[PDB]
Structures are given as structure tokens and as C-alpha cells.
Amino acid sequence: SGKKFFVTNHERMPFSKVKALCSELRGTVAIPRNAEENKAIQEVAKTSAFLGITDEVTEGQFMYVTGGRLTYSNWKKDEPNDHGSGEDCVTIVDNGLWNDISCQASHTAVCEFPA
């Protein structure tokens, strides 16, 4: 990526636990700021992983957990869709594409640190 490194224990848990874990490590839930970082996160995680982005405050408007409106994005076709009762978290899935999903779902924890 060139600016940060990513860490994982390959454990799957709900978003609030991933956030607590990264805080314990003094890092942040992984956030792809560009295509290279996105591929880097996809590669280290291997399976679906949560990203540090949500639209909990303003529905339809995703923001970084660290603040600011989302710029770079790699949504799957027809996503984000706030499916069913709602989906406010984001996961990186096949091909590194993104899908908004329930924050209560369990996915791979990935934390980022400046390189």
C-alpha cells in the first residue's frame, strides 16, 4: 500500500467487537483509501472483513469511523442497498468489492496502523 500495514487474527466477530479489538491494539478498523489499500486488505483478510465505515448517523451517507465523508469506494453492483430492516456497516467481499451489511453480522477483524 505504501502508507499503512494491516493486522488480523482471522477471527470473525460483530463490528462492535472488531472496533473494541482494534482499540485494544491501538489501531483503527481497516479503511481502504485507494485501490491498492483495498487489495491489500482483501489479501490479508482472505475472507469477508469489516471496514471502518458506516452510515449509522445519516442513512445513505457513509462516513469513516475516524471522521469524514467516504471518498474512495468499491461497491458491488446495486450496493449499498440498506437491505431489509437496514444495513449500516460495510464489508469487503469477493474481488474486494463492498457490500453494506448489518453491524451485528460476524466478519473477519482487520486493523490498520501507519507504516
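C-alpha atoms forming the largest set that superposes within 1.5 Å between two forms make up the rigid core. In this text, residue numbers run from 1 along the sequence as written.
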ask   = Rigid core superposed, root mean square over structures and residues, which stretch has C-alphas farther from this form in 4 other deposited structures of this protein, 32-40 or 86-94?
value = 86-94
request  = Look up the CA B-factors in the entry and say which stretch, 37-45 or 54-62, has the higher mean.
outcome  = 37-45
note = Higher of the two mean Cα B-factors (84-92, 28-36; per PDB record) comes from 28-36
query = If you check the C-alpha B-factor for each of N99, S16, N9, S23 in the entry, which is highest?
reply = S23
query = How does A115 rank on Cα B-factor within its chain, lowest, middle or highest third?
reply = highest
